[PDB]
*Asks:* 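What follows is a single structure, and I will ask about it in a moment.
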Amino acid sequence: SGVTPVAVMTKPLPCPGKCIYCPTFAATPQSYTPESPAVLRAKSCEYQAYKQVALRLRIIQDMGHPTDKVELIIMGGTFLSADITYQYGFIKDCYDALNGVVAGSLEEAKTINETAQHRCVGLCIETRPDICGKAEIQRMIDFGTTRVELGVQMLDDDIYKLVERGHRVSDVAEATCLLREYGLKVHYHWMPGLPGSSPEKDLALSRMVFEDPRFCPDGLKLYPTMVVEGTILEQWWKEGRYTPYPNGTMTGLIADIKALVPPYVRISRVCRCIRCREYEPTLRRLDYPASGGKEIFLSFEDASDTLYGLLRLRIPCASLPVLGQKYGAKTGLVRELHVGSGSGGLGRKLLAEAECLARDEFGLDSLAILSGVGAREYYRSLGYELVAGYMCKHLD
Ligand code: FES
Ligand SMILES: [Zn+2]
């Protein structure tokens, strides 16, 4: 059985930036997907974490789908900007709902979940590029975050974002670098058809985001921009300040964007990407520079180029995480290890390869893996041990 997503929304928060013109509540990506099951559910649950997760679990169980492996997805983009107590409480609430038991603290809920029935093998947080510094990242590690979706939308400072205030490309670069240096998965939100853009511009930037070492995310979450009633884009469309791409245009652009994605990239819509090769396989290696460090994409693929497993190995520019003296000053980061139905030992093979590369080719002391709490046991059975949120192992 595969991993089941559990997507929940945080409460409507005020705008992170002080501005008398800014809207009452911060703009979310879900403002333009108002008929999504999860956002309607969230509104009906008054945005309470526990209730949302419980409801979603019942729904999944009623569909006949598995719940042993779960990925938590925290939606909004402004969550990390809220009050700290609210953040820790919200996360704790989620784990409590997964566990079926209420714990004393967040750490107890996490430790309980390590062996619970509904394992949290991943935790994804949506955040804005400018709300993503060392402090926020450390909090995310406290939460047990495995993946971060950055609200990049489009990579040009002269293009209007869908959120208030917007952000700069530099912010995206910095946030991406920091996310990588802490061993997290990085996905970009990608909105083609934004005001002040063009299909050509969107295509060029799409090509650029996979060539520039400052960027190159692990995944793109494509949000095809479209005039949604009740939003500000509706007003701009009224005023003629904005005209959306025709269906054929947008579709063509999406196709062209899918046509240029590197092997190590996943594409999802709200094609030779990861998602599209899901399915004797052999081991493949693909190196590429990123954020001053090196990224190594290992995979298991057959002559049909169908994907069976992957591992993302980072050789970091610096050792930002603190793990004590036992694991040296130079450590590699396994930012992802994913394996399809069956296999399982393909994971063992990938990990062995990773350890060998880190020990021999790059002369690293240890390997650290930012695992989800429901996946920690897996790595414990491979010789890793929990240190400061990471699953670490000395290379010998
Ligand atoms: S309305 Fe506040 S920054 Fe634009
Ligand atoms: Zn795809």
Side-chain angles (χ1 to χ4, degrees), residues 2-3 5 12-29 31-32 76-78 81 124 127-131 147 149 151-154 156-172 185-192 194-197 202-203 206-207 209-210 216-224 230-236 239 241-242 250-279 284 286 297 299 301-302 304-310 312 336 338 340:
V3 44
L13 296 169
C15 295
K18 299 301 181 179
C19 171
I20 59 176
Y21 289 94
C22 275
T24 299
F25 298 103
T28 61
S31 298
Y32 293 85
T78 46
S81 74
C124 176
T127 193
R128 297 182 182 182
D130 48 329
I131 320 184
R147 176 164 65 89
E149 286 180 8
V152 178
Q153 305 204 345
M154 190 45 66
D156 183 30
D157 294 340
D158 297 333
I159 297 187
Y160 294 82
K161 315 302 185 300
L162 287 179
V163 292
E164 92 281 351
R165 211 173 189 90
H167 58 84
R168 310 190 80 89
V169 171
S170 70
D171 300 326
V172 176
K185 277 176 287 301
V186 191
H187 285 19
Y188 289 178
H189 284 192
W190 207 244
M191 283 76 165
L194 286 177
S197 180
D202 286 334
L203 188 53
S206 301
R207 185 155 43 237
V209 85
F210 290 136
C216 294
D218 302 305
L220 280 184
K221 197 171 182 185
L222 290 172
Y223 290 80
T231 67
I232 176 60
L233 261 189
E234 185 188 11
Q235 297 187 14
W236 284 35
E239 303 171 0
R241 283 213 56 191
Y242 174 76
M250 186 70 78
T251 308
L253 180 61
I254 293 174
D256 283 288
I257 291 180
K258 289 192 172 186
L260 46 81
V261 288
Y264 63 86
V265 176
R266 196 176 193 277
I267 310 172
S268 48
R269 181 188 56 88
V270 63
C271 181
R272 295 182 176 181
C273 78
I274 296 176
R275 173 207 151 198
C276 304
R277 300 177 276 154
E278 282 172 353
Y279 159 74
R284 318 290 179 86
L286 170 63
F297 187 77
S299 50
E301 297 175 25
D302 65 338
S304 309
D305 291 323
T306 314
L307 183 60
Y308 295 89
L310 63 99
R312 312 184 175 272
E336 182 173 11
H338 176 64

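Whatever order the structure lists them in is the order used to number ligands and atoms, beginning at 1. What's counted below: heavy atoms across the whole structure, side chains too, no hydrogens, waters or symmetry copies. In this chain, numbering begins with 1 at the start of the sequence shown.
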*Asks:* Mind running side-chain hydrogen bond (donor to acceptor under 3.5 Å, both in side chains) on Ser31 and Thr28 for me, showing each step along the way?
*Replies:* CA-CA 5 Å; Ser31 298; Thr28 61; 3.1 Å; yes
*Asks:* For the pair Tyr308 and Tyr279, name the ring-plane relationship: parallel under 30°, tilted 30 to 60°, perpendicular over 60°.
*Replies:* tilted
*Asks:* Mark yes or no for whether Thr306, through its side chain, and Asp302, through its backbone, hold a donor-acceptor pair below 3.5 Å.
*Replies:*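 Absent.
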*Asks:* Distance below 2.8 Å from the Zn ion (ligand 2): how many protein N/O/S atoms qualify?
*Replies:* 3
*Asks:* Where the side chain of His187 meets the backbone of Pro217, is there a donor-acceptor pair that is under 3.5 Å apart?
*Replies:* no
*Asks:* Can you check whether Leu162's main-chain N or O pairs, donor with acceptor, with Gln153's side chain at less than 3.5 Å?
*Replies:*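 Here the side-chain-to-backbone pair exists.
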*Asks:* Look at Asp218 together with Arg312 and state whether they make a salt bridge at an N to O cut-off of under 4.0 Å.
*Replies:*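 Looking at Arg312 together with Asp218, the answer is yes, because their closest N to O distance falls below 4.0 Å.
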*Asks:* Looking at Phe210, I want to see if its CZ is surrounded by more than 12 non-hydrogen atoms of other residues, nucleotides or ligands under 6.0 Å.
*Replies:*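 Above 12, so yes.
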*Asks:* Distances under 2.8 Å only: what protein N/O/S atoms are near atom 2 (Fe) of ligand 1, ordered by chain and residue?
*Replies:*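 For atom 2 (Fe) of ligand 1, the protein N, O and S atoms that sit under 2.8 Å away are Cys19 SG, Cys22 SG.
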*Asks:* Going by an N to O cut-off under 4.0 Å, is there a salt bridge joining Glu278 and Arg266?
*Replies:*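 A salt bridge links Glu278 with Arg266.
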*Asks:* Do the ring planes of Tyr223 and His189 sit parallel (below 30°), tilted (30 to 60°) or perpendicular (above 60°)?
*Replies:*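 Correct class here is tilted.
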